[PDB]
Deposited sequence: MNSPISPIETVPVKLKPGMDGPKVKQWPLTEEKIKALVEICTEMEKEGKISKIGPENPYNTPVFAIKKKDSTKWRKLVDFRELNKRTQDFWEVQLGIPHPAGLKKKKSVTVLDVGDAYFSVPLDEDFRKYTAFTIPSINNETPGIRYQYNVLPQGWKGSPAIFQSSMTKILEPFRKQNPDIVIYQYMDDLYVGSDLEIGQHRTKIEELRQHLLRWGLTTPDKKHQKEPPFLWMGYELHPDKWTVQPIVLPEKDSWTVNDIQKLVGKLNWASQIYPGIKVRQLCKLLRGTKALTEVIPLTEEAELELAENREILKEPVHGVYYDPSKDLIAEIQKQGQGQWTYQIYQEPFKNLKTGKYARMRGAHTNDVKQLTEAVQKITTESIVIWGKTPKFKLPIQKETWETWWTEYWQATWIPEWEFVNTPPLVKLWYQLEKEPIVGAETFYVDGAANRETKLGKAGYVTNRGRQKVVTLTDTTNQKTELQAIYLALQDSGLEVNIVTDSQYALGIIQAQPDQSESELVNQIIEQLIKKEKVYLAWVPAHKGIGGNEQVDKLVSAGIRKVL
């Protein structure tokens, strides 16, 4: 196997650091023999060279098993090697692949061993095959090539592959080359002949540079199995997903289930994972059996149904626009599809996130549009045209009245229920002929006890005692009280910016049962006007609820 004639990549150690000096542990005779055999073969091939006694560095060697393998413990050298640039920013996604007339897979033979190592850095790769019972001096070698397990190998190989491919890519702009690890994926729209000719020209260019690749009878045939994907000539899919039928599910079983479903989510539309994920909440043992809930059984059933039949994705056509469609699956769950030609999907996906403790479908939909937008730029270098289950008017009302700079690129309403709506709207001005509730909450921070209440301009009053509470929980409880004893139209005055904030953002869902109860009330209401005052300023009705809730508390 050749060692590429390319210019070496200069390697440095970390500033203030010298090479490893880790003592070789004595080995068994069988391990020493195995290593001697291995090392003399590599020495012949040019891979390693014998060194003198002057070299003071050392990295330990070991051998494991009918054939023997040599394992170098590069942990110490790796701790002293300079940092390298990140090999890759991401992984190619199948949906980003164009449909090519012919595609061939070329894997590089003994990749790392085919590329030289900086002459001035070779000294730090020094290792010793010990003598029987460490009696006499050992056999000393250093690497001439990129060693397996060393920190710079992935990076230096990739960089070497880049400089090599450079002149070929310049003279063949209509040829696709995917660089992945020690593989090269070559695609073109040439006729089955001039492509076969171009592959040999590539193979030959690579050989002139120490890199060996398979010939026609050894190169793989489609479908290509790569990274959990199946790449057929006119479609792609995920590899066979088989969901286990278990009597008892363990933490580990559900974890593997969730992972498999998540992976299936990229092409199979409608995959749900919330109810299964909920079972994984908390601290439970790998082998601990989790009984499924009704909701988890229902979600598993729907998922088995989705996966019953096989689904495929199509490839990318650069001359067509991408269309992204989103649907509300349920509570906090969003599902999307991306296509160019109606309903022939390139890919699919899901969004189920909790951005805060209080949110709404409008905020969730914009969060999903941003997630999809980013993804599209990564996969295709362009954003899609959205088809959203929200009316232009609902969106317009939200962005106009919300405090946050909220935006959505080119979109269109699509009537695919459940539709995204605002469940209630707060008043802009106080209501004439509605009772004004002044609300307050106060909790003692030693006892944890608090009081929640209100006073009205109609002389009405109420004070409820609460047990293991906070000032925030009491303030929210006070609002709930005022909503409960109110009637269709209310003006509410609070000194809580915290409560003001939650309610003002029009939440339709919360991780707080109290906030969900407030939502239930706000919906039933015809008109609500929420106003704010500074606390402890002796303000009108505010000083009155203050004295009432403070009594025996603060």
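Asker: Let me make sure I understand the coverage. Which parts of the deposited sequence, in order from the N-terminal end, have no C-alpha coordinates here?
Answerer: Missing C-alpha atoms (numbering from 1) occur across the ranges 1 to 2, 68 to 71, 561 to 563.
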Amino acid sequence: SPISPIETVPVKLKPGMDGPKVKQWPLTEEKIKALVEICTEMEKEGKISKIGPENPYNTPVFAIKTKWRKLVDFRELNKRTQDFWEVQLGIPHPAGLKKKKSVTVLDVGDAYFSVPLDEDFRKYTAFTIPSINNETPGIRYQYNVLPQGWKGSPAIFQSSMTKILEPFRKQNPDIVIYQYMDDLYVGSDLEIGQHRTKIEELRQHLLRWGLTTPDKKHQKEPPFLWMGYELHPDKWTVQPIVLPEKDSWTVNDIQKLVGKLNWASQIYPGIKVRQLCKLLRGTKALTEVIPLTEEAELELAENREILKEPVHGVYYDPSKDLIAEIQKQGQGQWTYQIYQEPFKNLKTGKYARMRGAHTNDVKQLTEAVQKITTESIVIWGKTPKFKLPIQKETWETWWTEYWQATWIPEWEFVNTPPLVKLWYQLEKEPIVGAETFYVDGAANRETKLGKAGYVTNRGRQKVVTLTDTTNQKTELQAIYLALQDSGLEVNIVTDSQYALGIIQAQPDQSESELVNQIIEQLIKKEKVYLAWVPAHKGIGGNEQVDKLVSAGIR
From here on, numbers count along this sequence of modelled residues.
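Asker: Between 447 to 455 and 150 to 158, which has the larger average Cα B-factor in the PDB entry?
Answerer: Per the deposited B-factors, the answer is 447 to 455.
Asker: Between 492 to 500 and 66 to 74, name whichever shows the higher mean Cα B factor according to the PDB entry.
Answerer: If you average the C-alpha B-factors of 492 to 500 and of 66 to 74, the larger mean comes out for 66 to 74.
Asker: Among the candidates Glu309, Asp361, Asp440, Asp317, give the one with the maximum CA B-factor reported in the record.
Answerer: Checking the PDB record, the top C-alpha B-factor among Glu309, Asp361, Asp440, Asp317 is at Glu309.
Asker: Please work out which residue in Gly349, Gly259, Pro214, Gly96 has the highest C-alpha B-factor recorded for this crystal structure.
Answerer: So the option with the highest C-alpha B-factor is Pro214.
Asker: C-alpha B factor of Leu225, ranked within the chain: lowest, middle or highest third?
Answerer: It falls in the middle third of the chain.
Asker: Can you tell me whether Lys100 has a C-alpha B-factor in the lowest, middle or highest third compared with the other modelled residues of the same chain?
Answerer: Lowest third, going by the recorded CA B-factors of the chain.
Asker: Among all modelled residues of this chain, ranked by Cα B factor, put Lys392 in the bottom, middle or top third, i.e. lowest, middle or highest.
Answerer: It falls in the bottom third of the chain.
Asker: Using the B-factors in the PDB entry, rank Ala357's C-alpha atom against the chain and give the third, lowest, middle or highest.
Answerer: Ranked within chain, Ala357 CA B lands in the highest tercile.
Asker: Could you look up the Cα B-factor of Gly46 in the entry and say which third of the chain it sits in: lowest, middle or highest?
Answerer: For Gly46, whose C-alpha B-factor we compare with every modelled residue in the chain, the answer is the lowest third.
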